[PDB]
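A short worksheet on the structure shown next.
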Amino acid sequence: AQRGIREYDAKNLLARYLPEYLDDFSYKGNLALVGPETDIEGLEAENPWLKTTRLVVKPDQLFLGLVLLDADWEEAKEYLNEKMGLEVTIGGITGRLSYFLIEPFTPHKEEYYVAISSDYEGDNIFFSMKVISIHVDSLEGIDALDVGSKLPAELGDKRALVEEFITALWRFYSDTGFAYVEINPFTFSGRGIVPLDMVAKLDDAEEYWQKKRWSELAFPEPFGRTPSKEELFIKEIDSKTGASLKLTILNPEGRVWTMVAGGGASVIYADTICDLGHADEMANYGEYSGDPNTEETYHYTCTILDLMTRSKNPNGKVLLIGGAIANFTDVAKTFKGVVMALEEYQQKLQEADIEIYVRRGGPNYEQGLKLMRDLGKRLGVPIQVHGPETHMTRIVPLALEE
Amino acid sequence: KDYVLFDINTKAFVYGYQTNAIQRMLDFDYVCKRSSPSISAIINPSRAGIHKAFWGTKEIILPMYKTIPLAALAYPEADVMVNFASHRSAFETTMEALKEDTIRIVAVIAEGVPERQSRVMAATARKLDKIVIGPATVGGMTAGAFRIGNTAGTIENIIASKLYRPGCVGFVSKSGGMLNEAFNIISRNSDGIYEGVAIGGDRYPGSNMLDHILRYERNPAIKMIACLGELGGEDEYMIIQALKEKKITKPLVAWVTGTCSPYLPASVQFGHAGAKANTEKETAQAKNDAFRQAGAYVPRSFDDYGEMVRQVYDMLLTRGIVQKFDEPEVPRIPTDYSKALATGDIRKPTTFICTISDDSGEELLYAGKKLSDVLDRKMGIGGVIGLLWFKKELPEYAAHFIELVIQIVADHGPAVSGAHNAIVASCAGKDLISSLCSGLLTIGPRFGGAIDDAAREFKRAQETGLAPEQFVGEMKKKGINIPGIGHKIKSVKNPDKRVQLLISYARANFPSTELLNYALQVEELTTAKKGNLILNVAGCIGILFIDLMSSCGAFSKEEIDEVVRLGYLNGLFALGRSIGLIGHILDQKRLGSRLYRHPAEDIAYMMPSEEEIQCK
Amino acid sequence: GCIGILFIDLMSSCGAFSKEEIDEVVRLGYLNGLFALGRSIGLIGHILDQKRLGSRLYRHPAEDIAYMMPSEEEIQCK
Amino acid sequence: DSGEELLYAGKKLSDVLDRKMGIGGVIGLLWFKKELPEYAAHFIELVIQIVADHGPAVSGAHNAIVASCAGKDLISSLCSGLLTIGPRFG
Amino acid sequence: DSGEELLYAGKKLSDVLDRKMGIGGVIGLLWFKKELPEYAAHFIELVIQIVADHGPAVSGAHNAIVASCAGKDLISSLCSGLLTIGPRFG
Amino acid sequence: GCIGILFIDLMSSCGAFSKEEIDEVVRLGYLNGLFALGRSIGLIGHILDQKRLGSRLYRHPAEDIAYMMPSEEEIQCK
Ligand SMILES: CC(C)(COP(=O)(O)OP(=O)(O)OC[C@H]1O[C@@H](n2cnc3c(N)ncnc32)[C@H](O)[C@@H]1OP(=O)(O)O)[C@@H](O)C(=O)NCCC(=O)NCCSC(=O)C[C@@](O)(CC(=O)O)C(=O)O
Ligand SMILES: [Mg+2]
């Protein structure tokens, strides 16, 4: 998945690794990130340049009237002491401001734009001072191209400096596992190059090959949402296996919970719930696949059950254990983990008026459905069990209408 | 034909030791009536060798090679590689296979492969006119001809979905699990799939859906195209553009999942790596609308996908475009024993019984008692022997008598038969186990192993009412030595303090020593004749053990008779004396001892004459 | 692995062995003797258990063996 | 064994027993030629109890059971099973 | 051994005997899975005769004699001596 | 040494073994089996000879063993 990173992290990566491709190390790594529990005096002792330079302070929560330009360290502290924890609505989402980037103010005239994104044939570099697109083939690389043939309109004295900068930026993009990079805008500091704003996405699948370059960074949560201990626990299980275990909480107070097998089928179950008008009651989006073991499915089921039994809802709650007919995921071993968790949550399941609906096919499915049927006869909660004879998503209207 | 991916003559390598996937492929080949398996060799980077698997009910051998070039050189007819390498090695192994002139198709199963690596694999495949299915896919299959690894699951599912014979539908999806669900949907609403492929859910696949859709358009056997896409990326726009440019003339059923997305937050990343609509164009709504406008048969929701398939198939059937065919005979395959056993269908008797220990549960049991409770109760080595040999939790003094015996017989110098043989084997450079067994194999009637017979013979004499003098007299008349009597170095002049130590313990702790008292009377008579005819350590152990069993209350008369008859007590000497044997072996290794050869001057060589060997 | 590793820690820390003595113990192979000695208790127990059970002679079942003879061609050359 | 009393690494058997050195203490003398600290002799005894048996299915127990089923005496059956102790088992 | 007639590397015991392959030819089949040339089967038989015995003093013969003097049965005594066969002897 | 070396020459020159087959025979250790098999004839003969002779139990003579016990000081420390 393509994951966005803070302007602080992207500029720090550019400051650290771009001077290896470009011989113009004019851009220093003068950056300061301010979080909620950040001791101002510690960051002041870490960055002496703060007190002796003109500053820029802006929120770094993946985003206007919020950028503070050309200020003193005292004036920067005023912006920080006022805007921290401020409730703001951006894109319809209401969240508090918690992360801010402090960097030196570069007095500029020129404002040039550069962006690198990828297509099925290679990478595309976009440049503007209306916008030129330069395609870099996957097998040939940048060396095969004369980047020089760019905008003649105003470039001349610095046409070679931009040619060199965007060639180095592609190498940085290609070797550091980026999925997207945008410097809108960039400027000149004499004969050097300075980035003013930076938006970046890393391909999180590159992690194994980027242990040294990504050492100083972590992926932030999108604006508005707060980190979830349950979501990070599922991500932890997912990282130690070739199998897939994914969980995203949409609404903690939602009536409809899902534990669907597969990326494809889980989306279809969400489509059906939304098509019946129950998008608001959809408590989560999740999936498990790639033949996870009994212990892994047990911990996954335990987490969904825990989150589902925290609040008591008047019309009860529904648990949809669905999926397609599997190709290799063992239904007996996975459902053994599901049954073990349901057995543990027996008292909490009855007290929350939870109804379980199951539809599954695949290796040893008859044995797995037998476990669920035997469980429903002793647990004390309604467990409707279906196999490949029932249409995949038929348990959705059966639970939300019937 | 360029449009054919796999046929009934397709030969493949399976990269990675995936025994279940290997069996699934062979089972499909068998039910499809193939003459030979679809797998030429297995590529196992850890080991070269052989792999045994089934061909119906018959076992066959598949060769296993360490590398892709070695396997390709051995089986040049194999043009497909089913790659089960992890996401850490999927790129280099696929690229190595693509560089082989004889490999044309590579299916990449791994999830978590970088987008850049997939871009390079896709471009390498297109440049060399090869095909990459994946990453992050089960694969696909040509009905009745070939299956990629685990594609279409169990043979039961293959039979229920009629995948052993081709239909008229050319199918392609992103999702692996949905490809199997679709095989079921299509089989129930048409004559089934001819071929089905899952390209994976990554946003930069090795092959796009259109690559496969264009092959279906050229294939005359396919009269209907069906596809299931999803939100994120612009793959489906290649199909819509081909549909608009009249490149796809066959009727196409299409559905794009992800209609839920606008109802949920924009930040939600779905299961597949590429399932995230970055732009409006990437949404399921924009894709399904553009599909409708391009002339495709688009259902109202996923629920009516099979109904749209049924409508398009029925249309072809009435118009004569597709012809009704007779259903071929339903294939059969034996069920795996493990499945029949798990479902309770069958029962199989055990050959052995074990009553002394159980290692099959959560905790090791010694005669039913958890090892934890044995240790918490400080039963000791004597208590462990009570459980494992006698199946009793013995009184403490009985467990301590067993431990006392082990210490007393641990060693009796290097000169005895067992220690001597173990030393000779150790001097010959033998390992500890061989040297130990060389010495233990001397334990028998003259050395060490007299304990069982001493217990047997003294118990019989005392029980049948024989006076000690009558027992001594009877054994002499039969020409049988009294077991437990006599010694090579110990005698009246050189008393055996080990015997004294065992006797003092029994007098202080056993409720009765009647057999010992009888044995000591026999000893007075034997030593009166010859001083070396003492009650030896083996006789002392056997006799005292009978008194221990008789008086401790833990054994019935029958249990004692069984112990005597079966021969338990020589085990005590073997166990105890193993301590000294191992010590002697180690002593010779520390000393750097040389090979021993018995001196010639200690052997009288007395060959028979020529006359003696010629007749009697 | 647990016994071997812990025995090295025992010898290293009990004060009764010099570095040379520990090296000699490791090089010569003492520690497998502990398993031979200990496991002899259970081996003798299993032997006696079969004698008490009156067990019959065992012959491995044919159905658990794949007999795969070489061809006449294979035994005639290489 | 050649004198008036059996010696284990120079120590009289009587003194070994009077001092309650135990089976672990006897192994300390005979294998290591040391009078070990008590906790070291008890660790040897703990190991013996812990590895005494691990069911009938392991190589050594299995071979000893097959020899016992073939009517073999205890010593032959024991050695049949001990001879499986090597790099993979034990 | 599972059919109508015992096979040694696929060859019927009857054909092994009718062809007079001998003990060397049986070892060629059972150890090497080859029907060896006659002089190769005769070299195996020559080796067996040449190493049959080298007196009572060698390690293996000495240990087998000690076990036999201790009243042991033939099989136990034989294995006692065979277990000395290693890097220095044999 | 003579048997091992000559067997390599036999395998190399008889035409029945490929270079790989010879390498496998050498690596796995077949040839010590020949000595075990052959010498079993003489071992069984020596066992039977002692039974015919009515031989008594052997105990190695004490005069052929140097008993050298460690001191009390040696067993107390290193
Ligand atoms: C011990 C020995 C083989 C000695 O044999 P020898 O070869 O010296 O004597 P033989 O040639 O048989 O005869 C001499 C003359 O005395 C007569 N005579 C001998 N034994 C007689 C007897 N039992 N009953 C009546 N009469 C007897 C015989 O009839 C003849 O008299 P005569 O006919 O008038 O000419 C022999 O006694 C014997 O088989 N005993 C029974 C087996 C037995 O209990 N074994 C256990 C010994 S404890 C042990 O193994 C552990 C050990 O302590 C060993 C160690 O340290 O050595 C350790 O911890 O390692
Ligand atoms: Mg999946």
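Below, chain A is the first sequence line, B the second, and so on; all start at residue 1. We count ligands from 1, going down the list as the structure has it; atoms in each ligand are counted the same way.
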Return the option from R56(F), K529(B), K530(B) holding the heavy atom at the smallest distance from atom 34 (O) of ligand 1.
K530(B)
Closest to atom 49 (C) of ligand 1 by heavy-atom distance, out of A450(B), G448(B), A538(B), is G448(B)
I'd like the name of whichever of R59(F), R498(B), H487(B), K488(B) reaches closest to atom 54 (C) of ligand 1 through any heavy atom.
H487(B)
Please examine the side chains of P414(B) and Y67(F), heavy atoms only from C-beta on, and report whether any two atoms are closer than 4.5 Å.
yes
Residue portion contacting ligand 1 (non-hydrogen atoms closer than 4.0 Å) for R577(B)
side chain
Just say parallel, tilted or perpendicular for the rings of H420(B) and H60(F), cut-offs at 30° and 60°.
parallel
Between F335(A) and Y365(A), is the ring centroid distance below 6.0 Å?
no
Looking only at side chains, do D202(B) and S118(B) share a donor and an acceptor under 3.5 Å apart?
no
Exercise check, heavy-atom protein proximity under 4.0 Å to atom 11 (O) of ligand 1:
yes
Mark the output for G539(B) as yes if a heavy-atom distance to ligand 1 is under 4.0 Å, and as no if none is.
no
For atom 14 (C) of ligand 1, what's the nearest protein heavy atom and its distance?
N532(B) ND2, 5.0 Å
Nearest heavy atom to atom 40 (N) of ligand 1: which of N481(B), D496(B), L533(B), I485(B) does it belong to?
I485(B)
Presence of N, O or S from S244(A) under 2.8 Å of the Mg ion (ligand 2):
no
Nearest protein heavy atom under 4.0 Å from atom 47 (C) of ligand 1, yes or no:
yes
Out of all atoms in ligand 1, which are within 4.0 Å of some heavy atom of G484(B)? Include the element for each.
43 (C), 44 (O)
Would the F447(B) and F573(B) ring centres measure less than 6.0 Å apart?
yes
